[PDB]
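**Q**
Chains as they are written, first to last, in the deposited numbering: chain E, 495 to 543; chain D, 298 to 346.
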């Protein structure tokens with residue numbers, strides 16, 4: 495799913511009554527991973543201590 | 298006006314979000330003046346072409 499933005503009309507506080515503020519909520523869903531590890535080559539220049 | 302982007306984060310299911318309100322700044326540019334002046338004689342203004 496893509497980027498969706500939502501408008502919360504009313505927030506609350508520590509005593510569950512309105513505290514005079516609002517907000518904008520957004521979320522996103524994706525995922526990835528490497529299937530075959532032998533189809534790549536990566537150069538590693540590591541510095542000895 | 299100048300500002301920066303909000304910071305997203307990868308959260309799990311039923312995980313509370315953290316507020317990401319960004320900060321703002323304001324540049325400023327003053328306006329200054331420059332001038333030049335030249336006086337001429339009446340006889341000259343009529344003689345010189």
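The beta-carbon is built from N, C-alpha and C at its ideal position, and this holds for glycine as well.
Could you compute how far the alpha carbon of residue 298 of chain D sits from the alpha carbon of residue 329 of chain D?
**A** If you draw a straight line from the Cα of residue 298 of chain D to the Cα of residue 329 of chain D, it is about 21 Å long.
**Q** Do the segment 522–542 of chain E and the segment 314–322 of chain D meet, that is, are 3 or more Cβ pairs less than 8 Å apart?
**A** no
**Q** I think residue 516 of chain E touches residue 503 of chain E, with their Cβ atoms under 8 Å apart; what is that distance to the nearest whole Å?
**A** Confirmed, Cβ separation roughly 6 Å.
**Q** Report the three-state DSSP secondary structure of residue 520 of chain E (helix, strand or coil).
**A** strand
**Q** Are the CB atoms of residue 534 of chain E and residue 454 of chain E within a distance shorter than 9 Å?
**A** Look at the range of chain E in this structure, 495 to 543, and you will see that residue 454 of chain E is not part of it.
**Q** Considering residue 500 of chain E, what are the terminal residues of the beta strand (DSSP E) in which it resides?
**A** 498–502
**Q** So the candidates are D:321, D:341 and D:335; which of them puts its Cα closest to the Cα of residue 302 of chain D?
**A** D:321
**Q** Can you name the start and end residues of the alpha helix (DSSP H) that residue 337 of chain D belongs to?
**A** In the DSSP annotation of this structure, residue 337 of chain D is not part of any alpha helix (DSSP H), being labelled neither H nor E.
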